[PDB]
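Single chain ahead, by itself, as structure tokens, in the form deposited in one PDB entry.
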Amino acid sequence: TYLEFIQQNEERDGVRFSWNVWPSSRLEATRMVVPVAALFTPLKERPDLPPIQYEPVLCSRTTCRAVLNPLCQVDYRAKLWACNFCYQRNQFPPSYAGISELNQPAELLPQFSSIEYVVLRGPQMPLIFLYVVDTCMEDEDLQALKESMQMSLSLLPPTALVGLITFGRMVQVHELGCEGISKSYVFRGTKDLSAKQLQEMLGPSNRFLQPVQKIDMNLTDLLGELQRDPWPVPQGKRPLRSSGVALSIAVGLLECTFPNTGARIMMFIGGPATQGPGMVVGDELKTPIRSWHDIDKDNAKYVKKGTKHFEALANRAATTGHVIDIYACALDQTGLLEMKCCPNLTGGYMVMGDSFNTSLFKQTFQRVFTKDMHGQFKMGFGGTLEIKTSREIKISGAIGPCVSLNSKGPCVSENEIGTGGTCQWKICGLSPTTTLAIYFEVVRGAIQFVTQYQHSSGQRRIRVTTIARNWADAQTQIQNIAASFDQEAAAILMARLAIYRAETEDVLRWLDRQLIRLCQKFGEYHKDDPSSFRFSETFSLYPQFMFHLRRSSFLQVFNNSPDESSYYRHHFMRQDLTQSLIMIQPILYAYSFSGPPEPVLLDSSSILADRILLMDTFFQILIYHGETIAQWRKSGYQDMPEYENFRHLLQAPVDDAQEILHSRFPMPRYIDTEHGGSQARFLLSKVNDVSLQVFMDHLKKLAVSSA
């Protein structure tokens, strides 16, 4: 079963391709409508694979150096194996002298095509956590942020290193301990500093970065005594907040103390930067923070000069291998559009709420430190992804949280996509859900994903994933290829392409051109007869995914703030397929007396009066009460023991909501609305050219028309 095949390959190898059968010729390879790409999750979880404390087998070929995999032909009599990538034959290492046909290594069983090795050789480096705290916020917002950072302190390992950088108008780099004085270094938040200057101006562990088991006592007291930025805020003004400088000092500090080692720069902001490099807006309250309308009509002077400052810090720290998180909670915009490259280029998180004193932020912040069964953080550091392909496959590039290492070879394609021009990438921070999109070009077929990273325990590990897909039979080329098409993977992979060109500028024109082309090659129709157009089961969901994509907030940026659009695009470029389909096309369940909860369509026809809805947008859990049930609820039928069934109805969507309200890392905003309610707008905008019926009719007229 092709459906069974797609599901199993993602559960085992953490991959999902747009095409599972690849063009065996240069003819079809150039004419492929949707490119050959993969939705690869380097650290996907699975039913308890044994951590293989081996040393990965090294191919004797210098250029190749691919890892031993089940696709390699073995000879247990001659003690040799043939590398499936370069045909080079190798001699087994001494520790493999006793491998037999009845006792063979794990890296040759197809069940362990994806596998993780543990390399214990050098002394392990500790994890580093640098808190960067904004002090220009209300007392209730600062107090809750203090308690949350004190909570995360009690969850860190005893060997981890911690540091404190508070900032407002100035930047304070605290020296921990010091016994009875609590000292810190103050800097002007008006001029930037390089890592070399900061090193000379300041002077394994540091005076500023000490282990938790020795410093947690004083740090908890220091965080408990943190107070507002002492500088007054005159009437009609914003506070002088130096975000772009405190970040460059946080980057510069770790850059000269622990380069090339896992470290998290955790920045907490409660407003936009109003001073120094990286400025987002002025200090006068009469000038509103820039909007997309202000972006388009050139009414935003701080955007380009602000983004350039944060792209420089993003590339500085990603080169050093450090992670930047951005926890932004304020009532207005905070400047995420200008700082988006820091958590995007690195593997950093991006939490966005209204205030730090909310259940939304507090619970979301402790999800960051969610541990596994062995009590270890679900995060990896300093990942190095190298991709090795057959001599017939070239790599265009990757679209996701990564940075090019600019490594050249026979696998690099002249046509680059996203972060291309390389076969090696660095992901400073990865989680079990981090998903990359690699685009391949054709010039069995095999691809080997090698992921070297630092585990949250300090152990250096390597995750190897080798996959194989059949070349199309020459006498059944497009026929077999069409059946191996993954519409869900191709939809997100093509969406990953559109959001990239939009965020680095029409894009909707390219979307419709490719949708029509895909219809004209894999659809069934007579020419000039639109009613004769049908799609196979393999393709019958693709146009519906394109419909909700071109009308989504990812491409129709207006009706959102620039920060909200950058936040939506942030989480989309990182999630797996299951969550990505929810973002593009939210799922919707119905709750009524007539039947149990059932999934329903995303159209205005599903809105019934005597029914309760539960729409799951990845960012919003929304419960909608129809007009009849709202009146039945405003009346008071629930409290009466006569209608215990009406209590089941009103709380059935609540129960199902609580489950997915805890597993999802960016805890979605919970909405309880009804007919006539204000927040019912979120339901009516995701629902329903114009409508899908009209959109399909226009598509069929162009599919059966000229090619």
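Here, rigid core means the biggest group of C-alpha atoms that superpose within 1.5 Å across both forms. A residue's number is simply how far along the shown sequence it sits, counting from 1.
The same protein also exists as the form deposited in another entry; that form is not shown, yet it is the one meant from here on.
Only one candidate in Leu155, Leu285, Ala609, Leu405 has its Cα displaced by 2 Å or more between this form and the one not shown after core superposition: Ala609.
Once the rigid core is overlaid between this form and the one not shown, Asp354 does not reach a Cα shift of 2 Å, moving by less than that. Core-superposed comparison between this form and the one not shown: the Cα of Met640 travels 2 Å or more. After superposing the rigid core, the Cα of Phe593 is displaced by 2 Å or more between this form and the one not shown. Between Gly676 and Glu564, the Cα distance is greater in that other deposited form than in this structure, by no less than 3 angstroms.
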